[PDB]
Structure formats: structure tokens, C-alpha cells
Amino acid sequence: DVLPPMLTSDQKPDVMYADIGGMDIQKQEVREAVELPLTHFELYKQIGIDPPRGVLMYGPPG
Amino acid sequence: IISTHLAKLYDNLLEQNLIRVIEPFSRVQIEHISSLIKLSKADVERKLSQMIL
Amino acid sequence: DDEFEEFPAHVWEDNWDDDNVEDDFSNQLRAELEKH
Amino acid sequence: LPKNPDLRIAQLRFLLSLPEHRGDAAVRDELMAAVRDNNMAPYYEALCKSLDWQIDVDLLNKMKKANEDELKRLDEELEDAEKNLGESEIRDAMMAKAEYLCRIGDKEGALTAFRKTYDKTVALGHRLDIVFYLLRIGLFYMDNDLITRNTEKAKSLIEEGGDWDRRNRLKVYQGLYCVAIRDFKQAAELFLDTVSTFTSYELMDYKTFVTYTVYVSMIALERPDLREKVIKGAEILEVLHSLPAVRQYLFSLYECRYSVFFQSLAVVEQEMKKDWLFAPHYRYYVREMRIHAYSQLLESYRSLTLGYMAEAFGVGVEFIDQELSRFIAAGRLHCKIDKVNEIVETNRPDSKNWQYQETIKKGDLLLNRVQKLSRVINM
Amino acid sequence: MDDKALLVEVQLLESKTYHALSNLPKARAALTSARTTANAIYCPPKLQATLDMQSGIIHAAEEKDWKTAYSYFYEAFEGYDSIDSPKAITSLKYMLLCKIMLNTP
Amino acid sequence: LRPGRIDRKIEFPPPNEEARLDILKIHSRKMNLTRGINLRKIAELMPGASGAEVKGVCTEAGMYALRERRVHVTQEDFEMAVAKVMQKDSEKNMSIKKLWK
């Protein structure tokens with residue numbers, strides 16, 4: 001037999017895009033970097049690009 | 001701008017009204033839906049056709 | 001296998017409609033509006 | 001890219017050829033104006049012979065002399081390059097020779113010169129330029145064989161390492177050829193994939209291109225795709241502001257305003273008959289758009305009173321009866337008329353029933369093929 | 001050349017014309033260019049409020065993010081109220097329109 | 001680093017001129033470039049930029065193209081990509097900067 005075998009990403013989050021206000025630019029950039037490569041990768045093939053895996057956010061303390 | 005947005009709002013409100021009104025209904029006389037939503041038979045007929053298409 | 005010798009011998013995928021009409025839909029509609 | 005030649009020349013010639021516009025004073029004046037301006041001596045001779053025109057020697061002689069002199073200087077320069085310069089200029093001289101041959105319209109000379117230049121050349125860009133000139137000559141003279149041949153040629157060259165500007169230009173060329181050969185599905189696909197990137201202003205104006213995209217899209221696209229890609233389309237809706245008669249035609253069908261749809265369909269018919277690339281397609285376009293309209297109306301009904309449907313379509317009862325009979329007979333529509341009490345029932349097939357019929361048909365085809373295979377190989 | 005304020009003016013005029021022609025993606029591109037050029041120079045109250053109003057119109061039309069549309073419309077309204085400008089009633093109308101289309105009348 | 005265990009020590013200098021052009025071509029082949037994109041000009045506009053910067057420049061031009069429902073990258077798009085990638089943050093503390101004459 002091969003038993004199909006965790007630590008993080010099982011306490012399903014709650015906050016939502018309706019909850020976050022403003023920062024449309026930040027949402028756009030984080031989304032294009034994080035989600036679309038996972039939902040519409042055809043858009044990226046068409047341009048012929050490597051999706052930007054890895055982004056960094058600046059900002060004051062909060 | 002406001003004209004276009006309000007026309008779309010009218011369309012969506014009419015769609016919601018028709019759906020709720022006709023939910024408790026199998027076969028229905030169109031005059032009845034006209035009576036319930038307070039519009040003209042012709043307009044409700046055209047909107048229903050658009051919904052089905 | 002054997003050629004049956006005993007028997008002597010556009011690029012548009014057309015499918016009929018090559019009828020004879022009073023134009024397709026111009027004079028017909030003109031007369032239609034005229035009589036309505 | 002240059003205009004070798006103005007396909008408006010072909011438009012003018014075909015518009016004159018059409019019997020309704022043979023006696024078009026304007027059309028004739030503009031055609032001869034272009035002919036004199038660009039000095040197409042063989043083409044003018046062909047026009048005269050074909051259309052039975054009274055030749056004007058006083059200017060035809062000067063036109064022949066100018067053509068002869070220009071060709072002589074061209075080929076003299078070509079010989080000078082051959083005897084003095086390398087390929088990098090011999091090729092250019094030959095290119096100029098072929099360009100003048102096409103601009104004067106000597107079909108055989110132009111084809112020979114371009115073939116020789118292609119044989120000589122090695123650079124991909126200029127190979128594609130020559131192939132494009134050949135495609136456009138083929139389009140000019142509606143020589144399906146030549147157009148298709150250079151079409152696979154150009155696909156091969158671009159696949160062998162090409163660039164996106166020439167990809168778009170080839171796409172527009174393929175679209176015009178598809179409109180010629182009545183393959184409106186591919187025509188719509190290509191046109192809508194290269195409407196945001198119209199760069200080929202030599203073939204037609206951008207207004208004309210957007211009109212053609214709208215027409216082919218309406219005849220070849222389903223309602224979902226039409227909404228997504230032609231009514232919600234940035235450019236295809238931007239130009240429709242300048243084009244008022246086509247915006248109405250498209251939006252009539254989409255909004256399900258049908259009387260305006262037939263008005264605009266008559267408009268489009270009389271436009272496309274005069275057109276030169278759609279001329280042997282107007283009967284089919286009109287008929288198929290009529291079928292699209294009727295099917296659209298009946299897609300949301302089960303028993304549509306003939307009088308109401310006539311009122312919606314802005315016609316009578318007799319006209320609707322005649323044309324529905326014709327289309328049901330042809331098998332395009334799904335509707336059966338009842339003339340005693342004038343009512344048009346709709347016998348659309350359910351999902352299961354349609355799937356059954358498709359299974360029967362496709363399985364019949366596969367059964368025929370396998371039956372042939374088995375009967376052949378078993379014995 | 002000079003007069004980057006006039007650069008922003010011309011860019012917003014082009015965006016308004018684009019949206020009028022109904023090419024929303026290209027109108028948005030023009031707006032983003034105008035805003036990037038405005039975040040390098042001094043924006044008088046009039047130009048800042050005009051940029052905000054055009055941003056509100058574009059977001060209202062295209063993205064369906066009527067909350068941000070209302071935000072920009074209100075910035076435009078406040079700017080026009082401060083300037084005592086004729087076209088503040090239009091901004092307030094758009095504000096109310098956003099509050100309606102959000103289904104929060 | 002003794003020349004008994006690591007015999008040779010190759011260096012990878014930040015791509016110089018027209019080496020930046022080579023990298024631009026390599027990472028722009030699978031792309032949609034218009035007739036009138038001057039990868040050379042992009043190279044000059046990018047001084048002293050590592051190959052990572054070249055990749056990022058191509059990628060950001062592509063993402064800019066992705067933004068406006070467009071499948072074409074243009075010269076100005078490459079310029080904006082260069083600006084967005086080669087962000088040279090500089091300390092604004094004029095005093096700390098003038099400490100040294």
C-alpha cells in the first residue's frame with residue numbers, strides 16, 4: 001500500500017478584500033504577483049513572462 | 001454618467017423584482033406579473049425574453 | 001484493388017440557397033414597409 | 001508597408017464591373033485619376049479591353065513612354081550594381097525593379113521579378129517583405145492559388161524565426177482571404193485577435209476594418225462571445241461612435257430590437273454588394289443573419305403568435321410565413337408553423353434528445369469507417 | 001518641454017475623451033499617466049480635485065469598486081467646495097449615485 | 001581559495017554594454033515586441049545593471065503590458081520597467097551626505 005500522507009494553512013483566514021479599505025494599488029500589485037499566476041497563467045504565457053514569485057511590502061509600523 | 005448607472009440600476013432592480021415575484025409560480029399569466037410589479041405587459045414580456053436569452 | 005473498368009468514366013462549401021429572389025433582403029423589405 | 005497597388009484600385013474596378021455602378025461618373029473619374037497618377041499601363045490596357053472603353057491615345061502614349069523610361073533606368077541601374085556592386089545592392093536594384101513592375105500592374109513581370117529577388121535574398125525580413133508583396137498582388141487579382149501558396153510560404157518563414165509586426169500583418173491577410181473564401185469563423189477569430197493592433201493601413205482604413213470585424217463577428221460568434229468581445233470591446237466600440245450605421249446594426253441584434261435589425265441588415269446588404277471582397281457573399285451573409293435573428297427571437301419562446309413576431313420584426317404576416325417556411329425547410333431553424341390559427345410552435349430538442357441524435361450520427365460515421373476497415377482487412 | 005501642469009491638463013482631457021469614446025482601458029491608462037505626472041509637481045486644488053473626480057468616474061464606470069469611486073468623488077467635492085467652484089453639485093450628485101448603487105440608499 | 005583546492009577563480013562582472021543587449025534579447029525572445037523597440041537603447045538606459053536587473057526589466061515591461069489588456073510591449077513600457085526595477089534609493093540626510101568634502 002501507499003498511504004496518502006499539515007502544519008500551516010489550515011486555519012482558514014477570515015479577513016476579506018471588502019474588509020481591507022483603500023490600498024487599491026497595493027492590492028493590485030500583490031494580486032498580480034500572488035493570485036493571477038495561479039488563476040490565469042495564460043495571460044502570462046501570452047506576454048511570455050516569468051511570473052514574479054516574490055514581493056516585498058514597505059511601510060510604517062502599521 | 002449618472003444616467004447610465006441609474007439605467008443599469010433600473011434594469012437590475014427589475015430583474016430582482018421579477019425573479020422574486022415569479023419564484024412562487026410555475027405556469028403564470030403574464031398579465032399577473034404585470035399586475036404584481038406594476039409595469040406594462042409589453043415591457044415585462046421583453047425583459048423576460050431578455051432574461052431567458 | 002480493381003478499377004471497375006466495365007464502367008466507362010469555387011472553394012466555398014456551398015449548400016443550396018442559390019435561388020432566384022427579388023434581391024435577398026432589400027427590395028423585399030422596402031415593399032414590406034411600403035405595404036405596412 | 002507600401003501600397004503595391006492601392007487595393008482601392010481593385011475596389012474601383014469591381015464597383016465599375018458591377019452593372020448597377022457601371023455608369024458611375026465619379027467612380028470612373030477617380031479610377032482613371034489613380035491610373036494616370038501611378039502609371040499602370042498594362043492594367044489600363046486590361047481595363048479598356050475588359051470594360052469596352054474608348055482608348056485615349058493622346059495620354060496612353062505618354063503613359064507607355066514614361067513606363068518604358070522608368071523600367072529602362074531601373075534595369076540599367078541593376079546591371080550597374082551587378083557589374084560594380086555586391087549582392088547588398090544588386091538585391092535592392094532588383095527589389096526596385098519588382099516594385100515598379102507591381103506598381104505598373106504588369107502581373108507576369110512583377111511575379112517573375114519578385115520570384116527572382118526571393119531566390120537571391122537571404123535576409124528573413126526582406127524575404128517576408130517580398131512574400132507580403134506577392135500576397136497583396138494575389139489579393140489584388142483574386143488568384144486563390146497564388147494567395148494560398150504564398151500564405152503557407154509566409155507561415156513557414158515566420159515559423160522559421162519571425163517578428164510580431166509581421167505576425168499581425170499576416171493575420172490580417174489571412175482574415176481578408178478567409179472573408180474571400182467564406183470562412184467567417186476564422187475571419188472573426190483573426191480579426192478580433194488583431195483589432196487592437198491594426199497596423200496594415202495599406203489594405204483598408206481602420207473604419208473599414210472595424211466594420212468588417214463587426215460584420216464577421218455577428219455572423220460567426222455566439223451571443224456570449226459577441227457581448228464579451230465586440231460590444232464590450234474597447235476599440236471595436238470606440239470606432240462605432242464615428243460609425244453610426246454599424247453601431248445601430250450591432251446593438252439592435254444584441255438588445256433584441258429586431259425591426260431596426262432588419263433595417264440595418266438591408267443597409268449592410270446594399271453596402272456589401274458594392275464591396276469587392278464581400279460581393280460573392282452578400283446573399284449568404286444576409287440569409288445567415290436573418291436565421292440568427294429568427295433563432296434568437298425564438299430561443300425564448302414556445303408558441304410565438306405570427307402577428308406579434310411580424311410586429312417585432314417590422315414586417316407583415318405573409319413575408320414571415322414565406323421566409324420561415326423556407327428556413328425550416330432548409331433545416332436551420334427549430335420551429336413549425338400552424339397557419340389555420342396563425343401560431344409558430346417551437347420544437348426545440350431537449351438536451352438528452354439532442355445528445356441522443358448526435359450519438360446516433362457520430363457513431364454512424366465511426367461505424368461506417370470501422371466497417372470498411374474490418375471488411376477490408378479481415379479478408 | 002515645460003508646464004508639466006499643462007501636461008496633466010492635456011492628459012486628463014485625453015482621458016475624458018477616451019472615456020467618452022467608451023475605451024475604458026485606455027482612459028484608465030491616461031488617468032494613471034496623469035496621476036503619476038501629478039505626483040511629481042504641485043497640484044493646485046482645482047487640478048487635484050479634477051484628477052480625483054476623473055478617477056472617480058473611471059472607477060465607477062469600469063472596476064465596479066464604487067467605494068473607491070465615492071472616495072474620489074468626495075475628494076473632488078471637498079476640493080470644489082473649498083475653491084467655491086460651479087461644478088461641485090456634479091461631484092455631490094456622483095457621491096449620492098455611488099451611495100445608491102452600493103445598495104445602501 | 002588556495003590554488004590547490006580552488007584552482008580557478010572566475011569573476012562575473014555586471015554585464016557591460018551590449019552584454020546587457022545580449023541579456024535583453026535572451027529574456028525578450030519569448031515576448032511580443034513592436035517594430036520599433038530598440039533593445040540597444042534599453043541597454044544604454046540601463047547602466048551598471050546586473051543580469052537579474054535585466055530579467056526584472058523584461059518581466060516588469062511584461063506586467064505593464066498585462067495591465068492594459070494588451071499583449072504587446074512597447075519602448076515606453078520598457079522605459080517604465082527600467083525605472084520601476086532600477087530604483088536607486090538615496091539617503092536624503094544632506095548632512096550625512098556632506099560630512100565628506
# chains A, B, ... in the order shown; residues from 1 in each chain; ligands from 1
$ residues_around --residues "residue C:13" --least-positions-apart "5" --cutoff "12 Å" --atoms "only C-alpha atoms" --output "PDB file with C-alpha atoms, in the first residue's frame"
ATOM      1  CA  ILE D 181     -13.272  32.063 -49.196  1.00  0.00           C
ATOM      2  CA  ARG D 182     -16.261  32.353 -46.819  1.00  0.00           C
ATOM      3  CA  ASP D 183     -14.623  31.033 -43.642  1.00  0.00           C
ATOM      4  CA  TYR D 284     -25.175  34.196 -47.639  1.00  0.00           C
TER       5      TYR D 284
END
$ closest_atom_pairs --of "chain E" --to "chain A" --cutoff "10 Å" --atoms "only C-alpha atoms" --output "Markdown table"
| residue | atom | partner | partner_atom | distance |
| --- | --- | --- | --- | --- |
| E:65 | CA | A:24 | CA | 9.7 |
| E:67 | CA | A:21 | CA | 8.7 |
| E:68 | CA | A:22 | CA | 7.0 |
| E:71 | CA | A:22 | CA | 9.0 |
$ select_by_dssp --residues "stretch 9-52 of chain B" --states "alpha helix (DSSP H)" --output "ChimeraX atom specification"
/B:9-22,30-37,41-52
$ write_last_selection --atoms "C-alpha atoms" --output "compact mmCIF listing (two decimals), in the first residue's frame"
# COMPACT_ATOMS: atom_id res chain seq x y z
CA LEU B 9 -29.75 50.08 -11.59
CA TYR B 10 -33.28 50.10 -13.00
CA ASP B 11 -32.51 47.00 -15.04
CA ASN B 12 -31.10 45.10 -12.07
CA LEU B 13 -33.95 46.14 -9.78
CA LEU B 14 -36.49 44.99 -12.37
CA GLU B 15 -34.67 41.69 -12.74
CA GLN B 16 -34.66 41.09 -9.00
CA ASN B 17 -38.34 42.03 -8.73
CA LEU B 18 -39.33 39.63 -11.50
CA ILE B 19 -37.30 36.77 -10.04
CA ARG B 20 -38.76 37.16 -6.56
CA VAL B 21 -42.30 37.71 -7.85
CA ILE B 22 -42.24 34.64 -10.06
CA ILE B 30 -48.04 37.46 -17.94
CA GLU B 31 -50.80 39.91 -17.06
CA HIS B 32 -50.40 38.70 -13.48
CA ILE B 33 -46.70 39.53 -13.31
CA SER B 34 -47.55 42.90 -14.82
CA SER B 35 -50.14 43.43 -12.08
CA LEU B 36 -47.70 42.37 -9.36
CA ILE B 37 -44.75 44.53 -10.45
CA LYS B 41 -47.31 43.84 -20.27
CA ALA B 42 -45.09 44.60 -23.25
CA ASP B 43 -42.15 45.75 -21.14
CA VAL B 44 -42.34 42.75 -18.82
CA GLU B 45 -42.56 40.46 -21.84
CA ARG B 46 -39.47 41.98 -23.42
CA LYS B 47 -37.48 41.84 -20.19
CA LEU B 48 -38.50 38.23 -19.64
CA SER B 49 -37.36 37.37 -23.15
CA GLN B 50 -34.03 39.07 -22.50
CA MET B 51 -33.64 37.13 -19.26
CA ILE B 52 -34.25 33.83 -21.00
$ closest_residue --among "D:268, D:214, D:55, D:47" --to "chain C" --atoms "only C-alpha atoms"
D:268
$ interface_residues --of "chain E" --to "chain D" --cutoff "6 Å" --atoms "only C-alpha atoms" --output "PyMOL selection string"
chain E and resi 21-23
$ atom_distance --atom1 "atom CA of residue A:57" --atom2 "atom CA of residue A:26"
8.5 Å
$ residues_around --residues "stretch 75-89 of chain E" --least-positions-apart "2" --cutoff "6 Å" --atoms "only C-alpha atoms" --output "PDB file with C-alpha atoms, in the first residue's frame"
ATOM      1  CA  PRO E  45      -6.771  72.475  -5.512  1.00  0.00           C
ATOM      2  CA  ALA E  49      -9.955  67.803  -7.379  1.00  0.00           C
ATOM      3  CA  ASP E  52      -9.963  62.948  -8.146  1.00  0.00           C
ATOM      4  CA  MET E  53     -13.273  63.411  -9.968  1.00  0.00           C
ATOM      5  CA  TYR E  72     -12.519  60.049  -5.120  1.00  0.00           C
ATOM      6  CA  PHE E  73     -15.834  61.780  -5.811  1.00  0.00           C
ATOM      7  CA  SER E  91     -19.483  65.856  -7.615  1.00  0.00           C
ATOM      8  CA  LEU E  92     -22.144  65.655  -4.921  1.00  0.00           C
TER       9      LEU E  92
END
$ residues_around --residues "stretch 42-55 of chain F" --least-positions-apart "5" --cutoff "8 Å" --atoms "only C-alpha atoms" --output "NGL selection string"
:F and (14-18 or 20-21 or 23-24 or 27 or 78-79 or 82 or 85-86)
$ write_last_selection --atoms "N, CA and C atoms" --output "mmCIF file, in the first residue's frame"
data_model
loop_
_atom_site.group_PDB
_atom_site.id
_atom_site.type_symbol
_atom_site.label_atom_id
_atom_site.label_comp_id
_atom_site.auth_asym_id
_atom_site.auth_seq_id
_atom_site.Cartn_x
_atom_site.Cartn_y
_atom_site.Cartn_z
ATOM 1 N N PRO F 14 29.317 42.875 -13.640
ATOM 2 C CA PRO F 14 27.984 43.286 -14.047
ATOM 3 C C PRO F 14 27.936 43.507 -15.546
ATOM 4 N N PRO F 15 27.010 42.859 -16.252
ATOM 5 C CA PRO F 15 27.011 42.937 -17.716
ATOM 6 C C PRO F 15 27.299 44.328 -18.239
ATOM 7 N N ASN F 16 28.330 44.435 -19.064
ATOM 8 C CA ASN F 16 28.712 45.702 -19.666
ATOM 9 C C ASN F 16 27.791 46.013 -20.842
ATOM 10 N N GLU F 17 28.156 47.021 -21.625
ATOM 11 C CA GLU F 17 27.352 47.390 -22.778
ATOM 12 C C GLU F 17 27.331 46.241 -23.773
ATOM 13 N N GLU F 18 26.195 46.092 -24.443
ATOM 14 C CA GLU F 18 25.884 45.103 -25.475
ATOM 15 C C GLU F 18 25.934 43.678 -24.926
ATOM 16 N N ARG F 20 24.548 43.635 -21.885
ATOM 17 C CA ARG F 20 23.186 43.926 -21.472
ATOM 18 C C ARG F 20 22.227 43.751 -22.639
ATOM 19 N N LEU F 21 22.663 44.097 -23.851
ATOM 20 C CA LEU F 21 21.835 43.846 -25.027
ATOM 21 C C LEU F 21 21.615 42.358 -25.236
ATOM 22 N N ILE F 23 21.599 40.031 -22.972
ATOM 23 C CA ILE F 23 20.666 39.545 -21.959
ATOM 24 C C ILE F 23 19.251 40.019 -22.263
ATOM 25 N N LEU F 24 19.106 41.256 -22.734
ATOM 26 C CA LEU F 24 17.787 41.736 -23.118
ATOM 27 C C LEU F 24 17.191 40.859 -24.204
ATOM 28 N N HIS F 27 16.161 37.346 -22.751
ATOM 29 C CA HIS F 27 14.977 37.351 -21.907
ATOM 30 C C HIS F 27 13.824 38.127 -22.522
ATOM 31 N N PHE F 78 9.068 49.487 -21.815
ATOM 32 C CA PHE F 78 10.380 49.072 -21.328
ATOM 33 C C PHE F 78 11.026 50.164 -20.486
ATOM 34 N N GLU F 79 10.851 51.424 -20.876
ATOM 35 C CA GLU F 79 11.424 52.514 -20.094
ATOM 36 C C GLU F 79 10.836 52.543 -18.691
ATOM 37 N N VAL F 82 12.317 49.841 -16.679
ATOM 38 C CA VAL F 82 13.649 50.177 -16.183
ATOM 39 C C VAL F 82 13.535 51.060 -14.953
ATOM 40 N N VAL F 85 12.347 49.014 -11.956
ATOM 41 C CA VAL F 85 13.252 47.969 -11.491
ATOM 42 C C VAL F 85 14.487 48.577 -10.843
ATOM 43 N N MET F 86 15.156 49.491 -11.543
ATOM 44 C CA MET F 86 16.385 50.096 -11.037
ATOM 45 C C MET F 86 16.041 51.303 -10.165
#
$ residues_around --residues "stretch 23-28 of chain C" --least-positions-apart "6" --cutoff "8 Å" --atoms "only C-alpha atoms" --output "compact mmCIF listing (two decimals) with C-alpha atoms, in the first residue's frame"
# COMPACT_ATOMS: atom_id res chain seq x y z
CA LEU D 265 -29.39 44.39 -42.48
CA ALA D 266 -30.78 45.84 -45.71
CA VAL D 267 -28.26 48.65 -45.31
CA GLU D 269 -26.58 44.09 -47.81
CA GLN D 270 -26.53 47.02 -50.19
CA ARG D 283 -26.76 36.56 -50.15
CA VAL D 286 -27.95 38.28 -45.24
CA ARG D 287 -29.53 34.84 -45.05
$ closest_atom_pairs --of "chain F" --to "chain D" --cutoff "7 Å" --atoms "only C-alpha atoms" --output "Markdown table"
| residue | atom | partner | partner_atom | distance |
| --- | --- | --- | --- | --- |
| F:32 | CA | D:164 | CA | 6.0 |
| F:33 | CA | D:164 | CA | 6.4 |
| F:34 | CA | D:165 | CA | 6.1 |
| F:35 | CA | D:165 | CA | 6.0 |
$ decode --residues "stretch 13-47 of chain A" --atoms "N, CA and C atoms" --output "PDB file, in the first residue's frame"
ATOM      1  N   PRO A  13      -8.416  31.639   6.778  1.00  0.00           N
ATOM      2  CA  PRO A  13      -8.498  33.054   7.170  1.00  0.00           C
ATOM      3  C   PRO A  13      -9.907  33.618   7.101  1.00  0.00           C
ATOM      4  N   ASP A  14     -10.095  34.819   7.645  1.00  0.00           N
ATOM      5  CA  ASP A  14     -11.403  35.462   7.702  1.00  0.00           C
ATOM      6  C   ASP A  14     -11.457  36.808   6.997  1.00  0.00           C
ATOM      7  N   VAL A  15     -10.461  37.672   7.200  1.00  0.00           N
ATOM      8  CA  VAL A  15     -10.493  38.987   6.570  1.00  0.00           C
ATOM      9  C   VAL A  15     -10.677  38.827   5.063  1.00  0.00           C
ATOM     10  N   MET A  16     -11.182  39.882   4.425  1.00  0.00           N
ATOM     11  CA  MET A  16     -11.516  39.818   3.008  1.00  0.00           C
ATOM     12  C   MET A  16     -11.183  41.137   2.325  1.00  0.00           C
ATOM     13  N   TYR A  17     -11.244  41.109   0.992  1.00  0.00           N
ATOM     14  CA  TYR A  17     -10.961  42.304   0.210  1.00  0.00           C
ATOM     15  C   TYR A  17     -11.989  43.394   0.463  1.00  0.00           C
ATOM     16  N   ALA A  18     -13.221  43.019   0.790  1.00  0.00           N
ATOM     17  CA  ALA A  18     -14.177  44.021   1.233  1.00  0.00           C
ATOM     18  C   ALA A  18     -13.772  44.595   2.580  1.00  0.00           C
ATOM     19  N   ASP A  19     -13.076  43.803   3.399  1.00  0.00           N
ATOM     20  CA  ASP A  19     -12.649  44.284   4.706  1.00  0.00           C
ATOM     21  C   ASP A  19     -11.511  45.284   4.572  1.00  0.00           C
ATOM     22  N   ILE A  20     -10.524  44.981   3.733  1.00  0.00           N
ATOM     23  CA  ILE A  20      -9.435  45.921   3.504  1.00  0.00           C
ATOM     24  C   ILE A  20      -9.957  47.100   2.702  1.00  0.00           C
ATOM     25  N   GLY A  21      -9.650  48.304   3.161  1.00  0.00           N
ATOM     26  CA  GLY A  21     -10.109  49.529   2.526  1.00  0.00           C
ATOM     27  C   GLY A  21      -8.938  50.261   1.896  1.00  0.00           C
ATOM     28  N   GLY A  22      -9.212  50.955   0.800  1.00  0.00           N
ATOM     29  CA  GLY A  22      -8.149  51.667   0.133  1.00  0.00           C
ATOM     30  C   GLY A  22      -7.079  50.713  -0.360  1.00  0.00           C
ATOM     31  N   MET A  23      -5.848  51.210  -0.387  1.00  0.00           N
ATOM     32  CA  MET A  23      -4.693  50.470  -0.890  1.00  0.00           C
ATOM     33  C   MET A  23      -5.064  49.636  -2.113  1.00  0.00           C
ATOM     34  N   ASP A  24      -5.757  50.281  -3.050  1.00  0.00           N
ATOM     35  CA  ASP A  24      -6.046  49.628  -4.318  1.00  0.00           C
ATOM     36  C   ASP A  24      -4.761  49.286  -5.054  1.00  0.00           C
ATOM     37  N   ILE A  25      -3.769  50.176  -5.006  1.00  0.00           N
ATOM     38  CA  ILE A  25      -2.505  49.924  -5.694  1.00  0.00           C
ATOM     39  C   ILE A  25      -1.808  48.712  -5.091  1.00  0.00           C
ATOM     40  N   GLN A  26      -1.768  48.648  -3.763  1.00  0.00           N
ATOM     41  CA  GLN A  26      -1.129  47.518  -3.104  1.00  0.00           C
ATOM     42  C   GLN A  26      -1.867  46.221  -3.393  1.00  0.00           C
ATOM     43  N   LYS A  27      -3.200  46.252  -3.374  1.00  0.00           N
ATOM     44  CA  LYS A  27      -3.960  45.061  -3.731  1.00  0.00           C
ATOM     45  C   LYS A  27      -3.659  44.636  -5.160  1.00  0.00           C
ATOM     46  N   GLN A  28      -3.636  45.591  -6.089  1.00  0.00           N
ATOM     47  CA  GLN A  28      -3.327  45.273  -7.476  1.00  0.00           C
ATOM     48  C   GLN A  28      -1.989  44.566  -7.586  1.00  0.00           C
ATOM     49  N   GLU A  29      -0.949  45.144  -6.987  1.00  0.00           N
ATOM     50  CA  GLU A  29       0.390  44.595  -7.166  1.00  0.00           C
ATOM     51  C   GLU A  29       0.524  43.241  -6.481  1.00  0.00           C
ATOM     52  N   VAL A  30       0.056  43.129  -5.240  1.00  0.00           N
ATOM     53  CA  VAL A  30       0.149  41.853  -4.548  1.00  0.00           C
ATOM     54  C   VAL A  30      -0.641  40.793  -5.296  1.00  0.00           C
ATOM     55  N   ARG A  31      -1.809  41.153  -5.830  1.00  0.00           N
ATOM     56  CA  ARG A  31      -2.610  40.192  -6.575  1.00  0.00           C
ATOM     57  C   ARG A  31      -1.886  39.738  -7.832  1.00  0.00           C
ATOM     58  N   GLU A  32      -1.426  40.683  -8.652  1.00  0.00           N
ATOM     59  CA  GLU A  32      -0.719  40.313  -9.869  1.00  0.00           C
ATOM     60  C   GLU A  32       0.485  39.445  -9.562  1.00  0.00           C
ATOM     61  N   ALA A  33       1.059  39.588  -8.371  1.00  0.00           N
ATOM     62  CA  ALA A  33       2.225  38.784  -8.034  1.00  0.00           C
ATOM     63  C   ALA A  33       1.858  37.431  -7.439  1.00  0.00           C
ATOM     64  N   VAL A  34       0.687  37.306  -6.824  1.00  0.00           N
ATOM     65  CA  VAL A  34       0.384  36.195  -5.934  1.00  0.00           C
ATOM     66  C   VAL A  34      -0.741  35.318  -6.477  1.00  0.00           C
ATOM     67  N   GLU A  35      -1.829  35.932  -6.939  1.00  0.00           N
ATOM     68  CA  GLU A  35      -3.022  35.195  -7.341  1.00  0.00           C
ATOM     69  C   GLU A  35      -3.018  34.863  -8.830  1.00  0.00           C
ATOM     70  N   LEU A  36      -2.984  35.886  -9.682  1.00  0.00           N
ATOM     71  CA  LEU A  36      -3.144  35.660 -11.115  1.00  0.00           C
ATOM     72  C   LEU A  36      -2.194  34.609 -11.657  1.00  0.00           C
ATOM     73  N   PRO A  37      -0.947  34.536 -11.244  1.00  0.00           N
ATOM     74  CA  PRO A  37      -0.109  33.418 -11.688  1.00  0.00           C
ATOM     75  C   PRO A  37      -0.736  32.068 -11.374  1.00  0.00           C
ATOM     76  N   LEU A  38      -1.659  32.033 -10.412  1.00  0.00           N
ATOM     77  CA  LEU A  38      -2.319  30.795 -10.023  1.00  0.00           C
ATOM     78  C   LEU A  38      -3.702  30.623 -10.636  1.00  0.00           C
ATOM     79  N   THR A  39      -4.324  31.693 -11.126  1.00  0.00           N
ATOM     80  CA  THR A  39      -5.664  31.626 -11.696  1.00  0.00           C
ATOM     81  C   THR A  39      -5.667  31.742 -13.211  1.00  0.00           C
ATOM     82  N   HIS A  40      -4.948  32.714 -13.763  1.00  0.00           N
ATOM     83  CA  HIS A  40      -4.858  32.939 -15.202  1.00  0.00           C
ATOM     84  C   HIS A  40      -3.381  33.008 -15.578  1.00  0.00           C
ATOM     85  N   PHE A  41      -2.759  31.852 -15.808  1.00  0.00           N
ATOM     86  CA  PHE A  41      -1.367  31.834 -16.231  1.00  0.00           C
ATOM     87  C   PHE A  41      -1.242  31.953 -17.745  1.00  0.00           C
ATOM     88  N   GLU A  42      -2.355  31.791 -18.461  1.00  0.00           N
ATOM     89  CA  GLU A  42      -2.366  32.015 -19.903  1.00  0.00           C
ATOM     90  C   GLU A  42      -2.062  33.467 -20.237  1.00  0.00           C
ATOM     91  N   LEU A  43      -2.581  34.397 -19.435  1.00  0.00           N
ATOM     92  CA  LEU A  43      -2.266  35.803 -19.647  1.00  0.00           C
ATOM     93  C   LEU A  43      -0.764  36.034 -19.586  1.00  0.00           C
ATOM     94  N   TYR A  44      -0.075  35.297 -18.718  1.00  0.00           N
ATOM     95  CA  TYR A  44       1.370  35.433 -18.610  1.00  0.00           C
ATOM     96  C   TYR A  44       2.089  34.751 -19.764  1.00  0.00           C
ATOM     97  N   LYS A  45       1.637  33.565 -20.181  1.00  0.00           N
ATOM     98  CA  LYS A  45       2.272  32.945 -21.340  1.00  0.00           C
ATOM     99  C   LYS A  45       2.188  33.851 -22.557  1.00  0.00           C
ATOM    100  N   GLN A  46       1.028  34.467 -22.785  1.00  0.00           N
ATOM    101  CA  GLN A  46       0.863  35.289 -23.980  1.00  0.00           C
ATOM    102  C   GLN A  46       1.953  36.346 -24.076  1.00  0.00           C
ATOM    103  N   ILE A  47       2.189  37.079 -22.989  1.00  0.00           N
ATOM    104  CA  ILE A  47       3.264  38.063 -23.000  1.00  0.00           C
ATOM    105  C   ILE A  47       4.612  37.370 -23.052  1.00  0.00           C
TER     106      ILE A  47
END
